[PDB]
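A.B. asks: Take this structure first; my questions come after.
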Amino acid sequence: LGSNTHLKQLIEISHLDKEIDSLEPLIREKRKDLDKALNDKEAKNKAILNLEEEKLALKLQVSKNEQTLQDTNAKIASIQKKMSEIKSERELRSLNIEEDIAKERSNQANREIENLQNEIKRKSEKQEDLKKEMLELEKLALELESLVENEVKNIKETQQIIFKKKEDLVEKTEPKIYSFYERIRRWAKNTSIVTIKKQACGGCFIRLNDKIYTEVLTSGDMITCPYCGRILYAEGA
Ligand SMILES: [Mg+2]
Ligand SMILES: [Zn+2]
């Protein structure tokens, strides 16, 4: 089926595969502060541009309010002109009140415009803030980058050395045995070879029946789990 020396050979290889893989989180850890700075800087850059779209919409409102304020003031002017020419003096008190409503609407527009302009200003202040933060983050990225990339390069060279060792080991392995390993590794990755714990597959955790548990411990072969297909071994048999 396999044989214990073939099992040994695959255990050595599978450990070198795990080494190559488990160094991937290491590269990520090494980059964490640097990637954080770069990603925060990009997020703040987007926030500046978003705030610019909001300032644009607000500036459109300022302009719309400004047109109605122009209309309102023309109406005031027109009411006052009518008061000058008058007619009688029924309407002097009447027009004073017409004018008063129009004055109030013009006071509302002036307040609304001032309010919008205030919101615009707060956004421009926030933009200046973000811009300063972006520069601190660039300063940060530039500091971290020299070492981080050297550290990562040294780690890559280690994965190559590990792979070179794998080549040497694979070259000494019965091609059929290796391929049986690789076929399972396609889907199972680094849970390809597992130990028995309790009486269950160390990979799918479903209890192995008496016949199979005995077979793994007693016989000098290499057995696969009947539920998931993984290679199984007793840590010492
Ligand atoms: Mg008056
Ligand atoms: Zn299993």
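Note that the deposited numbering numbers the sequence shown so that position 200 is 198, with each residue one more than the last. C-beta atoms are modelled at their ideal positions from N, C-alpha and C, and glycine is treated no differently.
(1) I need the DSSP call for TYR225, collapsed to helix, strand or coil.
(2) Is it right to say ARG228 is buried, meaning 16 or more other beta carbons lie within 10 angstroms of its own, or is it exposed?
(3) Shortest alpha-carbon distance to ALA107 belongs to which of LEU56, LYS62 and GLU52?
(4) Say the cut is 7 Å; is the CB of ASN63 nearer than that to a heavy atom of ligand 1?
(5) Can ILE191 and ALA198 be called in contact, C-beta distance under 8 Å?
(6) What do you reckon, is the C-beta of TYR179 under 7 Å from a heavy atom of ligand 2?
(7) Whose C-beta lies closer than 7 Å to the C-beta of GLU52 among residues of the same chain, with five residues either side of it excluded?
(8) State yes or no: is the C-beta of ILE182 nearer than 7 Å to some heavy atom of ligand 2?
(9) Exposed or buried, which one is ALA100 when buried takes at least 16 other CB atoms within 10 Å?
C.D. replies: Concretely, from the data shown:
(1) coil
(2) buried
(3) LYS62
(4) no
(5) no
(6) no
(7) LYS121
(8) no
(9) buried
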